[PDB]
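Undergrad: Let me see the structure of the following:
(2 chains)
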Amino acid sequence: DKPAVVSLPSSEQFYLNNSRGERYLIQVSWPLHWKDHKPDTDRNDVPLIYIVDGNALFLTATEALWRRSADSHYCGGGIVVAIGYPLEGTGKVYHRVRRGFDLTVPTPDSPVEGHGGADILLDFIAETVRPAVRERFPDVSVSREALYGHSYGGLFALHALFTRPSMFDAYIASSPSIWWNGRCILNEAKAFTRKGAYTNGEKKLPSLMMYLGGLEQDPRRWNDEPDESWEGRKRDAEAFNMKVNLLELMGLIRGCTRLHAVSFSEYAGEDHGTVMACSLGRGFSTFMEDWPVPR
Amino acid sequence: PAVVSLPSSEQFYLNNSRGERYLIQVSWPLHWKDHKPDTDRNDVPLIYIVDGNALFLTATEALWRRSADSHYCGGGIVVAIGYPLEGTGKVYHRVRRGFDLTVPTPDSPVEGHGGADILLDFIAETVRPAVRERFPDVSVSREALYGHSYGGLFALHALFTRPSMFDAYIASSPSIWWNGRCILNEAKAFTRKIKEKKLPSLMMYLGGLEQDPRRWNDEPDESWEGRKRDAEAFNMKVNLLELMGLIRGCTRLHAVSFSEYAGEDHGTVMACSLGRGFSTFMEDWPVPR
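TA: Numbers count the residues shown, from 1 in each chain, chains lettered A, B, ... in the order given. Here you go, the structure:
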């Protein structure tokens, strides 16, 4: 009768190593109504979502999927793949150094120490993670794949789109850190747009879905917050320019024929942290239920 | 491949007065050792969540993520009041949540409904002490009750009949429509009733697509018409505004807040409202009058 450990059903985790021998925690979850890994119905082709910063978002994505089974608009199923780090007994949900490297953009013209490991991570997902996850579901077809990331994760998702647009069907960038390294992601966006009237018209174009907390660009003052702290947060907001930078990015890629659709929605009253659950839930359900997103 | 087991959390079963079984899932910050705070900050808020099986992991991970935010206060404790649903493949207990979360109407009894007072007794008498027993090196600064849909209806019942029981009442997309909007009667009763000074706060949320749904990709006419009629029937926004009208300027409430999430539906808003309400309760207390 005594208190017990909380163990999840319809989920599992395992460790994979990248080319460098760096260890990743892969956490996988799937619908509760499935019997083992096998779909309970003929509905056996389902969307799959990859989530970077896996340790911070796995449970949120998993429970969102499970709750969605009760909704009328339920697509019938989905698979969650959280790409995280070994943080057992650290008391942390982020690996600062690893994610710093893994999620930031390579700049070979001017290298940045401890950063620019996105291509190594993308290689790892394509070569190792994806096949390993498919091995787990022999009786499942995967209809489409989404990449979700928040902050540096969002920057990573934008990099993936602008350098490997055929790798995923959906790129979900929550509060993307477009500020990073002199806004060097805007260079990749410009190069992407710089690259079919006489073609047969057959293409497989990705969609970009972006989100932001309203309090990021426009913070609200806290209770009994000193003038020094308040002014500081207003300057940080200006420095990061989360909304300004996102609007500029959308300006660059608007009408780009290499893109199917670009969506953006802002959550009023949500901050950089609180928006994470909102954007992941909204993006994942859109990807599951309302695909494709209209032009 | 191994099982996913959570740290800094546990679950146990408690029975109400009727001998009905409940799954109590509890979680606390990762930086704590065992059940003990690692710092000065050992006076923390606590949140009770009904439909615990559907929302425990969402509240837990939200709490853990806030530890990384600059606006962090030392966190708090999650208490998800759920049902025994092992091997069912379900996150809701239809029948029992139906009973537990709906308002009693002795005037005109509704079979399979109106068990809210019994659940409130269960929380006050059994759940609350059992949880306090788990944390000997923690004092609870304040308590919030969160519920969504029938859960939100339950939260409003708790506010209007037992306003001193909790510090905050967080009603996400409350089913005000239920049983001819009988909760509005309790809201009226609350304002007209006889009578430091501790007043409760009401925090309400709604998905924008509940009152005003968004047409799906080439959705057939009859499907679209059905959802618009359903939206009319439930009148989630219309009913919520009317309720706010009834309690507007009532001095027996500390504050009433309402936030609408554009682009979120009845399902997707759950994580949004829980995360926002809980973080507000944790980090921005008290809400200004």
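
Undergrad: On the three-state scheme, residue A:286 is what?
TA: helix (DSSP: H, G, I helix; E, B strand; the rest coil).

Undergrad: Output stretch A:31-46 as CSV, nothing but the C-alphas.
TA: C-alpha atoms of stretch A:31-46 as CSV (Å, rounded to 0.1, in the frame of the first residue of the first chain):
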residue,chain,number,x,y,z
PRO,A,31,-1.1,5.7,-27.8
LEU,A,32,-2.4,3.9,-24.7
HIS,A,33,-5.0,1.9,-26.7
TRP,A,34,-2.1,0.2,-28.6
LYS,A,35,-1.4,-3.4,-27.4
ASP,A,36,2.4,-3.5,-26.8
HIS,A,37,3.8,-1.6,-29.9
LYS,A,38,1.1,-2.8,-32.3
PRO,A,39,-1.9,-0.6,-33.2
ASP,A,40,-5.2,-1.9,-31.8
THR,A,41,-7.0,-0.9,-35.1
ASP,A,42,-6.4,-0.9,-38.9
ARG,A,43,-5.3,2.8,-38.3
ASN,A,44,-1.6,1.9,-38.4
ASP,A,45,0.0,4.7,-40.4
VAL,A,46,0.5,7.6,-37.9
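
Undergrad: Name the residues of the stretch 51-200 of chain A found near chain B, please.
TA: Residues of the stretch 51-200 of chain A found near chain B (Cβ under 8 Å from any Cβ of the partner chain) are A:56-60, A:62-64, A:66-71, A:73, A:88-89, A:91-94, A:136. Bear in mind the C-beta positions are built from the backbone N, C-alpha and C, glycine included.

Undergrad: Show me which of these are buried.
TA: With burial judged by 16 or more other Cβ atoms under 10 Å in any protein chain shown, the buried subset of these is A:56-60, A:62-64, A:66-69, A:73, A:92-94, A:136.

Undergrad: Among those, which are located in helices?
TA: A:56, A:57, A:58, A:59, A:60, A:62, A:63, A:64, A:66, A:67, A:68, A:136 (DSSP state H).

Undergrad: Contact partners for the residue nearest to residue A:214 when sequence neighbours are not counted?
TA: Leaving aside its sequence neighbours, residue A:214 sits nearest to residue A:268 (Cβ to Cβ, 6 or more residues apart in numbering or on different chains; 4.0 Å). Residues near residue A:268 by Cβ atoms under 8 Å, 6 or more residues apart in numbering or on different chains: A:214, B:259, B:262.

Undergrad: I'd guessed the first one sits against residue A:274; true?
TA: It refers to residue A:214. No - look at residue A:214 against residue A:274 with Cβ atoms under 8 Å: they stay out of range, at 10.3 Å.

Undergrad: can you tell me the helix or strand for residue A:154?
TA: Assigned by DSSP states H and E, residue A:154 belongs to helix A:152-163.

Undergrad: any idea how far that helix is from the chain center?
TA: With Cα atoms, centre = their mean, to the nearest Å as the basis, helix A:152-163 stands 9 Å off its chain's centre.

Undergrad: ok, now stretch A:5-17?
TA: Its chain's C-alpha centre and that of stretch A:5-17 lie 20 Å apart, by Cα atoms, centre = their mean.

Undergrad: Quick check: residue A:212 vs chain B, distance?
TA: Noted for residue A:212: a distance of 13 Å to chain B, by Cβ to the nearest Cβ, to the nearest Å.

Undergrad: typo on my end, residue A:26
TA: With Cβ to the nearest Cβ as the criterion, residue A:26 and chain B are 9 Å apart.

Undergrad: Which strand or helix spans that residue?
TA: Using DSSP H and E, residue A:26 sits within strand A:23-29.

Undergrad: Which strands or helices does that strand pack on?
TA: strand A:11-17, helix A:54-68, strand A:79-84, helix A:130-136 (3 or more Cβ pairs under 8 Å, 6 or more residues apart in numbering or on different chains; DSSP states H and E).

Undergrad: Hey, what's the angle from the helix holding residue A:154 to strand A:79-84? Just curious.
TA: 110 degrees (axes from the mean of the first three to the mean of the last three Cα atoms, to 10 degrees).

Undergrad: what packs against the helix or strand that helix A:152-163 is followed by?
TA: For helix A:152-163, the following helix or strand on the C-terminal side (DSSP H and E) is strand A:170-174. Contact partners of strand A:170-174 among helices and strands, from 3+ Cβ pairs under 8 Å, 6+ apart: strand A:141-150, helix A:152-163, strand A:207-213, helix A:275-289.

Undergrad: As a markdown table, the ones you listed with mean neighbour count would be great.
TA: Output for these, formatted as a markdown table (neighbours: other Cβ atoms under 10 Å in any protein chain shown):
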| stretch | mean neighbour count |
| --- | --- |
| strand A:141-150 | 22 |
| helix A:152-163 | 26 |
| strand A:207-213 | 25 |
| helix A:275-289 | 25 |
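
Undergrad: Looking only at neighbour counts, state which of residue A:214 and residue A:274 leads.
TA: Using other Cβ atoms under 10 Å in any protein chain shown as the criterion, residue A:214 and residue A:274 rank with residue A:274 on top: 25 against 16.

Undergrad: How about the contacts made by that one?
TA: Counting by Cβ under 8 Å, 6+ apart, residue A:274 has contacts A:213, B:62, B:275, B:276, B:279.

Undergrad: Of those, which pair is most distant in space?
TA: A:213 and B:62 (13.8 Å; Cβ to Cβ).
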